[PDB]
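What the coordinates show
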2 protein chains.
Amino acid sequence: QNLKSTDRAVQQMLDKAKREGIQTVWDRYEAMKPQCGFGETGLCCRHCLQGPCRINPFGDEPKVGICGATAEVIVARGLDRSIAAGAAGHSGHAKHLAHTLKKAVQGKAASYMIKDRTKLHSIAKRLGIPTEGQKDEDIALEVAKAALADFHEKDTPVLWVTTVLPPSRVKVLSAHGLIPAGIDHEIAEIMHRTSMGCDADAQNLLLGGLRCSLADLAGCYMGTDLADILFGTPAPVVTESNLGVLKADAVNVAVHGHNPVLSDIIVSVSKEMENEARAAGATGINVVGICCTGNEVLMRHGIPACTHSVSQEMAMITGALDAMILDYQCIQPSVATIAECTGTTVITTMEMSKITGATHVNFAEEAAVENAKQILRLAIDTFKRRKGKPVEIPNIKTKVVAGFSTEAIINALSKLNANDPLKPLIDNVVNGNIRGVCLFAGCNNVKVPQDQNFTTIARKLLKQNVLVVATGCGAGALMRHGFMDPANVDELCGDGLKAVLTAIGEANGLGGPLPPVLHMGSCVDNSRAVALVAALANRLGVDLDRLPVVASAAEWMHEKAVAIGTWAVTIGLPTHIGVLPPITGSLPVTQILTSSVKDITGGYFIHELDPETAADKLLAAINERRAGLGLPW
Amino acid sequence: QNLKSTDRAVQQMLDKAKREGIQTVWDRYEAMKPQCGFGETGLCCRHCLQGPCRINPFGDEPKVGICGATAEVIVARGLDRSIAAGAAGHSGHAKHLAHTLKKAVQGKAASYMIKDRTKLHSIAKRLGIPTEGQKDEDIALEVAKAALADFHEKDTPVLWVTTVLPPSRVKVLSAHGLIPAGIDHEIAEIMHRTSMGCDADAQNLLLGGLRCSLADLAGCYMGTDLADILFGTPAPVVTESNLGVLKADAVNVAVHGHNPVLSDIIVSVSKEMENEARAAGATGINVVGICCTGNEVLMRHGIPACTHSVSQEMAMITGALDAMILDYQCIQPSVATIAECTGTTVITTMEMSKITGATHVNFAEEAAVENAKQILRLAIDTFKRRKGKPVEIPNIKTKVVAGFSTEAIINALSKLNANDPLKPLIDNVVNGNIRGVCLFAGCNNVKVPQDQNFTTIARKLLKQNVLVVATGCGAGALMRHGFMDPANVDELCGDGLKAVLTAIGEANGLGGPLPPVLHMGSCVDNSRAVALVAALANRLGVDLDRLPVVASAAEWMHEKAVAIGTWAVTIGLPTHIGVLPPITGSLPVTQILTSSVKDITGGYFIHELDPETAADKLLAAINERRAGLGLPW
Ligand code: SF4
Ligand code: SF4
Ligand code: FES
Ligand code: FES
Ligand SMILES: [Fe+3]
Ligand SMILES: [Fe+3]
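Method of determination, as annotated in the archive: X-ray crystallography, at 1.55 Å resolution.

This brings us to helix α1 (residues 8-19) of chain A. Residues and elements named next belong to chain A. Compared with the 16 Å implied by 1.5 Å per residue over 12 residues, the 17 Å span of α1 between its first and last C-alpha is a close match. Those residues of α1 hidden inside the fold are in contact with α2 (25-32) and α14 (313-317). Here α1 starts with a cap whose side-chain oxygen sits 2.9 Å from the backbone nitrogen of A9, and that cap is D7. The first or second residue beyond α1 is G21, which carries a positive phi of 70 degrees.

Using the criterion set out here, one finds 76 salt bridges over all chains in the structure. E20(B) is the partner of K16(B) in a salt bridge, and the nearest nitrogen-oxygen pair spans 2.8 Å. When the shortest N-O distance is used, the salt bridge between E186(B) and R211(B) registers 2.9 Å. One end of the pair, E186(B), is in helix α9 (residues 183-193); the other, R211(B), is in helix α10 (residues 202-231), and 25 residues separate them in sequence. One exposure class covers both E186(B) and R211(B), and it is buried. Linked through salt bridges whose partners overlap, the residues forming this network are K119(A), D228(A), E296(A), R300(A), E407(A), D525(A) and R528(A).

Take the coordination of the iron ion (ligand 6) next. Residues and elements named next belong to chain B. Coordination of the iron ion (ligand 6) by the protein comes from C291 (SG) and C473 (SG), over a distance range of 2.5 to 2.6 Å. Taken together, the residues span a long stretch of sequence, with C291 in helix α13 (residues 291-301) and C473 in helix α20 (residues 472-480) at a distance of 182 residues. Each of the two residues, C291 as well as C473, counts as buried.

Space inside the largest pocket adds up to approximately 1,300 Å³. Every residue lining the largest pocket is counted, 46 residues in all, and those nearest its centre are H99(A), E153(B), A181(B), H185(B) and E189(B). Of all the elements in the fold, those that place two or more residues in the lining of the largest pocket are α4 (71-105) and α6 (136-149) of chain A together with α9 and α10 of chain B. When residues in the lining of the largest pocket are grouped by element, the largest group, 8 residues, is from α4(A). Grouping the constituent residues of the lining of the largest pocket by class yields 15 nonpolar, 17 polar and 14 charged. Here the second largest pocket is characterised by a volume of approximately 1,000 Å³.

A few words on the domain arrangement of chain A. Residues and elements named next belong to chain A. As far as domains go, chain A holds domain 1 (33-65), domain 2 (71-231), domain 3 (243-385) and domain 4 (398-628). Once you take the C-alpha centre of each, domain 1 and domain 4 turn out to be 36 Å apart. Contacts between the two partners involve 6 residues from domain 1 and, on the opposite side, 7 residues from domain 4. Note on domain 1 versus domain 4: buried area summed over both sides is about 420 Å², and carbon and sulfur give 44% of it. When the area that domain 1 buries against domain 4 is broken down by residue, the three leading residues are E40, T41 and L43, summing to 71%.

With that out of the way, let us pick up the sheet that holds strand β11 (residues 436-440) of chain B. Residue and element names in this part refer to chain B. With parallel pairing, the 6 strands of this open sheet are ordered in space as β13-β12-β11-β14-β15-β16. In this open sheet, the two strands that pair with only one neighbour each are β13 (517-521) and β16 (604-607). Here the strands of the sheet are splayed against their neighbours by 25 degrees on average, with no regard to which way each runs. When strand β15 (residues 574-577) meets β16, the two strands line up parallel, connected through 4 bridges. Each residue of the ladder has a partner; that of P574, found in β16, is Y604.

All chains considered together, the criterion is met by 6 aromatic pairs over all chains. Between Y112(A) and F231(A), the aromatic rings sit 6.2 Å apart at their centres with planes inclined by 70 degrees, giving edge-to-face as the arrangement. With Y112(A) in the loop between α4 and α5 (117-127) and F231(A) in helix α10 (residues 202-231), this residue pair connects regions lying 119 residues apart in the sequence. As far as burial versus exposure is concerned, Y112(A) and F231(A) are alike and both buried. With a centroid separation of 6.2 Å and 50 degrees between ring planes, the pair formed by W556(A) and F605(A) is classed as tilted. Of the two residues, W556(A) is situated in the loop between β14 (549-553) and α24 (559-570) and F605(A) in strand β16 (residues 604-607); the sequence distance between them amounts to 49 residues. Each of the two residues, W556(A) as well as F605(A), counts as buried. Note that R54(B) overlies the ring of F38(B), its terminal NZ or CZ placed 5.7 Å from the centroid. A cation sits over an aromatic face here: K598(B) above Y604(B), 4.3 Å from the ring centre.

A few words on the packing of α4(A) against α6(A). Residues and elements named next belong to chain A. Contact pair α4 / α6: the axes reach a minimum separation of 9 Å and the direction vectors enclose 155 degrees. Relative to α6, the element α4 lies roughly antiparallel. Regarding α4 and α6, the two cross each other, and that crossing is left-handed. Counting all contacts with α4, which are made through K95, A98, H99, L101, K102 and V105, the residues of α6 involved are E137, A140, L141, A144, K145, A147 and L148. For the contact of α4 with α6, the residue count by class is 8 nonpolar, 1 polar and 4 charged.

Before going further, it helps to spend a moment on unusual backbone geometry. All names here are of chain A. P52 follows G51 through a cis peptide bond whose omega is 5 degrees. Structurally, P52 can be placed in the loop between β1 (44-45) and β2 (53-54). With a phi angle near 80 degrees, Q329 is a residue other than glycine that sits in the positive phi range. Checked against the element boundaries, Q329 lands in the loop between β7 (321-326) and α15 (335-342). Among the residues examined, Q329 registers a relative accessible area of 0% and is labelled buried.

What counts as what
Residues numbered from 1 in each chain as written, not as in the entry; some residues may be left out. Chains lettered and ligands numbered in written order. Heavy atoms only, no water. Helix = DSSP H or I, 4+ residues; strand = E, 2+ residues; numbered from the N terminus. Expected span 1.5 Å × (residues − 1). Contact = heavy atoms within 4.5 Å. Polar contact = N/O pair within 3.5 Å; in protein donor to acceptor, adjacent residues only side chain to side chain. Salt bridge = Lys/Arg side-chain N within 4 Å of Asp/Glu carboxyl O. Buried < 20%, exposed > 50% of the residue type's maximum accessible area, 1.4 Å probe, protein only. Donors = N, O, S within 2.8 Å, 3.2 Å for Na, K, Ca; no water. 1 Å grid on protein atoms, 1.4 Å probe; cavity = no way out; pocket = protein on both sides within 12 Å on 5 of 7 lines; lining within 4 Å. Points joined across faces, edges and corners; volume = space filled by probe spheres on them. Nonpolar A, V, L, I, M, F, W, Y, C, P; charged D, E, K, R; others polar. Domains from an automatic or database assignment. Buried area = accessible area lost by both parts, 1.4 Å probe. Pairing = 2+ DSSP bridges. Axes fitted to C-alpha atoms, helices over the stretch in contact; angles between N-to-C directions. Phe/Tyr/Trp six-rings, centres within 6.5 Å; stacked < 30°, edge-to-face > 60°. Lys NZ or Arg CZ within 6 Å of the ring centre and 35° of its normal. Parallel < 35°, antiparallel > 145°, perpendicular 65-115°, else oblique. Left-handed = near helix turned anticlockwise from the far one by under 90°.

Below, the structure written as structure tokens:
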């Protein structure tokens, strides 16, 4: 099983699934091999009913699509549509939160409210919305209206791009025509230009993709902003992760998906029905997190994280998962069929994300609390049904310190320098105690033994004094392997980084260091990392493509992750990816994405499947940035 | 060559291309066979980087996608993305026209203006925009603003759906949750729900697709509305079609693509530079049309149509095409490479639709006339270069009567009944002189010998007294085979239909009939057919799914055509399609689209590759509708 996952709890459930005959994501992957080489290389097009068209990577015909589309065009069109789909996911998420905030402050959804007034006012100031003499609900109404207006064309560009990046970066992007005009406008324009008989120039197509990736960045940043207003900005929290957080004696309820508009309510309501859970023979309701919805409630409430991404089915294989409450994105639809064998109640809640065989509960913000009680009562029933059955919960979990929003990081640094909090961090970059910053982001992918790239790369970077931050299932991988436990700082961290994490931790009255890796939240919360390094850029008076900052989507899978990697490149970052996207069938497209885009944005993709090589390449990228600043390395 | 095209002019150029070694769309199709059966059946998914995934239509593994996506889900997600891409094309077109109208009436683009004041005022009344006491430019500004607002969520649904369909139809659709909230909103939501780990229920997915197809209908109707305001509502015109409209002695300039915002200017400006063309040794500038941009200027100005769709490369093979002026959609990118051998100057004009190897001229409405003169001067140069070369223009063309906008059809009928113009048409449906109405729409497709399905089906329907209307390349196929020449009414039409076309034509002072087939315009002008049959429904007091009206996308290709076919079904029409979309790999999805969707919308797809069988099935559908009205048949 260690060829499938490096997580020992996942390995134990893989053994249980095998002897019980339950097919897993790894079994379905094995049944897919050999995968189609045209699709893997990107040399396949189905954009019209004259297709499907394919191009042989090498050899004889077919050499060109039926309409005349070249390899370069077919590859760039497919990539562009992946970016648009990712942008559609992150901005559907943000749009939902914008409608929720509007409903809350219009008196139409009383379970939601302005919880972070300070964040509301700073966002309003950032957008140019007046606050002086204005009532909070009216400021919030204007912020929500501004968020919805960024989805379409108007007299301004997308403000959740132009107001969140360094001004010099906005100017570079504007010069190349890369600033999005509207989030859904850009998504639709990608879909149009990539349809048959439209854009057929690789460079033109890819420039469109870069602009659409910034529409995705806007949706991410808007989602984080709105979630913080509604549910609170995260601050440091202590909790646990991996399958051992399940409790045989409790009603185990997983929140799974991305949008915490309902799961945040699930968390608060579950506390109230403790006695009702006790009446059925449970110690209580044990809410646990899967994927990014789990990250959201981990960051804000310390809800323990059960598992992530590729291994999500193994939480049900324990026999102890009474309910899985789903919203949307990254949910393997296999969970609906596996539920028949494991007894889990799988519940969908969102109109546009249903799974055949799962029970649906039509969540509405107006009725959020009643929905949560109906959902939780289905879980309590399910706990009752497994009275006196054996469950196999692996006795495996790690300690997780998390909650490092950008505000929290700045506050932590402010204990070393009250009026200039970023300066202690920059001081330690300059003197070499911090070599640079690496963001780990994105998914697991069944093609890669689960977590192997994240942990192998993180171990090498930490030894070399890199400050490592992480989001989404990159944070999930690192948390499940102990990288968010401060007890492991001595083992994992170079002496310079250890010195800095210790100094910051001791100044925050901890008696010990910050954890080896800083958990910055969910996938939309990659926007928090942007806010941090944008602040660092603005304090140094340089653009992002001069900072020693890199990103690694080390095991990425989802179209959302392709969007994120692409806007990481667009805002100027060297961006490692650990699974090749379908681009190798066009050398000109590969060359743009790995080399010549540097001349446009200063960022670039680093394609490297071998994680030890990837770490060396990321260190090289960091050290080159150090040299360009005249720093030793 | 008659296995490739039924058009004799196309056959002659196919012979020329063969002996000159110029590869054609048919050669590239042959080089693609056998095409991939997973793609052809729809059992392939590339929506995440764990793919590509495929499912064997029959036999052993793989049976399911790696994430657990079933055949039903994979097929429905792929179809939904095709619909969204089509909606993105038609509404990108309409959005461009909305910005052009706004610029024109703000004094920023003086080459554009309100040409159809009556249409402006009727659209404003339809939208609920006040006209009394308002200045035309202010009414137009409000109409343009309303058009742009339909792209995003707001306090009303998409008005270019809810105000253009019969009220009973809007109620049926609203009950099923099918009314779009915003055009680009629906496109983005499709892209989101079809991304990995999201919607995984075939019925839910397909309902989303139906709603997105109505977003496409809105873009079509908005595009026709705005084009008529800016350039004039079409009225009956006489012109010619096929390659023989090229003139060896003239500067032959093709306008090609879909959006006539520039080609309409090309038409008017070309008239002015006649003397400048004469100075270079031409008789003049001969503007000819390809594809829907050609249809637009054929409908409004009688510009002759050169060719269409699959055969577009053969216009250049003549050696006499001096320029091809491109905007976007349905342009084979092969034209840019074929130009090197034929001497044609291929010119792109739209920022998001470039072709490597083609010259680009950045069209802007503000500078429309100067751009046209620069473009036309490139064509005049090219004419000069082919001084004293042999060209091979097939001496083959047909006469084309066209310009049957819905307003023109109603006006024609008004000569038989001034105060109740639809009544003479309904009178003749009831008494059997008109069996029913069939709309031919959509593309040619290299899989089908060019025009064979359109003409075979049209011949059988006309003999059976069906009133036949046509748009896009369906109109192109029928026009190139003589179906828009009133001299062929005796040969083609049953006695009842002949009687009606003659009576209408004689009442319009023609001395002869309307043509056998009524050309209703471009692909967005399928919206005109909707306006006609919606008017008929409202005059009869029934919904569209009770009228003897059907549609045939007999040789369809483009994602735009998939969108159109889907909204034809959604508004209640039996809709024949002549090339299978990638759905046969899921029997449940095929059953929804061909049968059970009847229970939702009253419309349904008729899958029939054999055109004689297709005609029999369309007649059966018409006659069933007749029976449901209690009419003889
Ligand atoms: S768009 Fe071109 S390459 Fe793609 S399926 Fe159609 S003919 Fe083939
Ligand atoms: S979304 Fe599912 S079926 Fe599609 S490529 Fe990814 S794992 Fe395969
Ligand atoms: S030929 Fe396999 S992905 Fe299309
Ligand atoms: S396997 Fe051929 S279309 Fe994907
Ligand atoms: Fe995840
Ligand atoms: Fe066409």
